[PDB]
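Residue-level structural notes
Listed below are the residues making up each chain.
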Amino acid sequence: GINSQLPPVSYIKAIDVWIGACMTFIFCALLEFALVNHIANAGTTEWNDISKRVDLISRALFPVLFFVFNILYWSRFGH
Amino acid sequence: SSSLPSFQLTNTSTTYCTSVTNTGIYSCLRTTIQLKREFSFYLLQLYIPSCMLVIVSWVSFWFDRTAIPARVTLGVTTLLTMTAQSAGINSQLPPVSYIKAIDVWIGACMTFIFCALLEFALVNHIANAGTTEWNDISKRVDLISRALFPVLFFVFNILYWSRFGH
Ligand SMILES: *[C@@H]1O[C@H](CO)[C@@H](O)[C@H](O)[C@H]1NC(C)=O
């Protein structure tokens with residue numbers, strides 16, 4: 001919906017960056033669950049502890065990394 | 001060079017184009033400009049998104065056969081998404097009636113997800129048989145596709161860019 005209203009140009013606009021970013025953060029989010037499900041299937045007690053660990057990390061990792069990008073993005077395009 | 005909206009001017013050239021026509025021989029000057037596009041934009045807008053989608057279609061192979069809701073949803077959503085992705089792209093390409101390179105690269109990703117959704121159908125079909133041997137074949141198909149698809153895509157990737165890097 002966004003892409004089909006931006007004036008046609010053939011160089012990377014700032015919004016185009018911010019779109020691909022969100023596209024990545026959701027791609028990684030859907031990817032994170034795939035890793036968790038993969039290691040959780042193992043019956044060993046250690047792998048279960050790692051599966052739970054990956055979740056607990058991402059619970060606060062992603063909001064941090066996005067906030068990092070958030071800072072980087074606006075500072076780059078706040079001129 | 002900056003002024004141009006959609007193209008980037010690389011080169012200029014002053015040559016002669018004096019030719020001989022039915023009416024006679026007329027002297028002629030031809031100035032020429034060379035426009036090529038920024039690969040950067042089209043890479044981020046068109047190519048990279050679909051690369052993520054093809055990768056997503058692969059992670060259904062790393063899920064076991066028993067999780068039917070997992071691999072069905074992954075397979076059908078990825079295909080729906082690609083059709084939408086292709087729709088957003090297709091409705092901004094300048095109207096032409098010959099196969100563009102991007103158009104090839106779209107139909108390819110469309111196929112790799114069609115085959116991914118198809119792979120699970122094969123696995124689910126042979127896994128229903130109670131025999132332990134079919135089960136080992138069911139599990140084998142998964143383990144292959146886990147590394148088969150990324151290879152075949154990487155093969156196509158090589159072929160594609162080499163064909164369209166001229
Ligand atoms: C640009 O034009 C010059 C002059 O003819 C030529 O020597 C050069 O090869 C051209 N460059 C490209 C991009 O081919």
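If you check the header, you'll see the entry was determined by X-ray crystallography and the resolution is listed as 3.600 Å.

The name given to chain B in the PDB entry is Avermectin-sensitive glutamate-gated chloride channel GluCl alpha, and the organism recorded there is Caenorhabditis elegans. The deposited PDB record carries the title "C. elegans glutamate-gated chloride channel (GluCl) in complex with Fab in a non-conducting conformation".

Per the PDB entry, chain A goes by the name Avermectin-sensitive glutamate-gated chloride channel GluCl alpha and belongs to Caenorhabditis elegans.

Overview of the UniProt feature "transmembrane region" in chain B
If you check UniProt for "transmembrane region", the listed places come out as residues 41–63, 69–90, 98–118 and 143–164 of chain B in our numbering. Taken end to end, residues 98–118 of chain B is 86% helix and 0% strand, and its first and last C-alpha atoms sit 29 Å apart.

Regarding the UniProt feature "disulfide bond" in chain B
All names here are of chain B. The sulfur-sulfur separation between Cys-17 and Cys-28, a disulfide according to UniProt, is 2.0 Å, below the 2.5 Å limit, so the bridge is formed here. Remark: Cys-28 occurs in the loop between β3 (24–26) and β4 (29–36) and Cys-17 occurs in the loop between β1 (8–16) and β2 (19–21); sequence separation between them is eleven residues. Residue class for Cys-17 comes out buried when judged on its relative accessible area of 17%.

Thoughts on the nonpolar core
Of all hydrophobic cores here, the largest spans 20 residues; its most connected members are B:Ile102 and B:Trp105. Mapped by element, the contributors of at least two residues to this core are α1 (39–58), α2 (68–90), α3 (101–127) and α4 (132–163) of chain B. In this structure, B:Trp105 is in contact with B:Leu46, B:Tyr47, B:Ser50, B:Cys51, B:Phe153, B:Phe156, B:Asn157 and B:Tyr160, ignoring residues within four places of it in sequence. Residues A:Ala34, B:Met52, B:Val56 and B:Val59 belong to the second largest nonpolar core, which totals seven residues.

Some details on the layout of surface pockets
All names here are of chain B. The calculated volume of the largest pocket comes to roughly 940 Å³. Looking at the largest pocket, it is lined by 30 residues, and the ones nearest its centre are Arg-37, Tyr-42, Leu-46, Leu-93 and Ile-102. At the level of elements, β4, α1, α3 and α4 are the ones that each hand at least two residues to the lining of the largest pocket. No other element matches α1, which puts seven residues into the lining of the largest pocket. Taken together, the residues of the lining of the largest pocket break down into 20 nonpolar, six polar and four charged.

Quick look at the environment of A:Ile19
Inspection of the secondary structure puts A:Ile19 in helix α1 (residues 14–40). In this structure the C-alpha to C-alpha distance between A:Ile19 and A:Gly1, which are 18 residues apart in sequence, comes to 11 Å.

Things to note about the state of the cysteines
Linking two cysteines covalently via their sulfur atoms produces the bond known as a disulfide. Residue and element names in this part refer to chain B. For the structure on display, the rule yields one disulfide over all chains. One disulfide bridge connects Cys-17 with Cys-28, the sulfur atoms lying 2.0 Å from each other. On the basis of relative accessible area, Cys-28 is assigned to the partly exposed category, the value being 26%. We note that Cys-109 lacks a disulfide partner, and the nearest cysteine sulfur, in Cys-51, lies 6.5 Å from it.

Some thoughts on α1(B)
Helix length check: α1(B), at 20 residues, gives a terminal C-alpha distance of 27 Å against a target of 28 Å (1.5 Å per residue), a fit within 8%. At B:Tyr47, α1(B) is deflected by roughly 35 degrees, the largest bend along its length, and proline B:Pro49 occurs up to four residues later in sequence. In this structure, the buried residues of α1(B) make contact with α1 of chain A together with α2, α3 and α4 of chain B.

Some words on the packing of α1(B) against α4(B)
Helix packing for two helices is described by the angle between their axes and how far apart those axes are. All names here are of chain B. At their nearest, the axes of α1 and α4 sit 11 Å apart, and the two run at 160 degrees to each other. Taken together, the axis directions place α1 and α4 in an arrangement best described as roughly antiparallel. The element α1 and its partner α4 pack so that their crossing is right-handed. Judged by residue contacts, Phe-39, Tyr-47, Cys-51, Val-54 and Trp-58 of α1 engage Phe-149, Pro-150, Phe-153, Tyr-160 and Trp-161 from α4. A per-class count over the contact of α1 with α4 returns ten nonpolar, no polar and no charged.

What counts, and where the lines are drawn
- All residue numbers start from 1 on each chain and follow the order of its written sequence rather than the entry's numbering, and residues without coordinates are excluded.
- Chains carry letters from A onward and ligands carry numbers from 1 onward, assigned in written order.
- In this view, a larger assembly is represented only partially, and all stated values concern the represented chains.
- Note that the side-chain values use all heavy atoms of the structure and ignore hydrogens as well as water.
- UniProt positions are given in the numbering used here, feature names are shortened, and annotations may be inferred rather than shown by experiment.
- Note on conventions: DSSP H or I runs of at least 4 residues are helices, E runs of at least 2 residues are strands, and numbering of each starts at the N terminus.
- Two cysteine sulfur atoms form a disulfide, by the criterion used here, when they sit within 2.5 Å.
- Three labels apply to residues, based on accessible area from a 1.4 Å probe with only protein chains included: buried if under 20% of the type maximum, exposed if over 50%, partly exposed otherwise in between.
- As used here, the term nonpolar core means buried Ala, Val, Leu, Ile, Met, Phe, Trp, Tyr and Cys residues forming a set that is joined through side-chain atoms within 4.5 Å.
- Two residues qualify as a contact provided that any one of their heavy atoms is within 4.5 Å of a heavy atom in the partner residue.
- Two kinds of site are reported from a 1 Å grid over the protein atoms alone, namely cavities, where a 1.4 Å probe fits but cannot get out, and pockets, open sets with protein on both sides within 12 Å along at least five of seven lines, and residues are called lining when an atom falls within 4 Å of a point.
- Grid points are joined across faces, edges and corners, and a volume is the space filled by probe spheres set on the points.
- Residues are grouped as follows: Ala, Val, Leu, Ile, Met, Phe, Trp, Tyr, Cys and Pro are nonpolar; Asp, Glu, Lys and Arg are charged; every other residue, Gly included, is polar.
- Take the number of residues in a helix, subtract one, and multiply by 1.5 Å to get its expected span.
- Fitting axes to the seven residues ending at a residue and to the seven starting there, one defines the bend at that residue as the angle between these axes.
- Here the axes come from fitting lines to C-alpha atoms, over the contacting stretch only for helices, and the angles between their N-to-C directions go from 0 to 180 degrees.
- These descriptions rest on fixed angle ranges, namely under 35 degrees for roughly parallel, over 145 for roughly antiparallel, 65 to 115 for roughly perpendicular, and the rest for oblique.
- Definitions for this section: a left-handed crossing has its near helix turned counterclockwise from the far helix by less than a right angle. A right-handed crossing has that turn clockwise.

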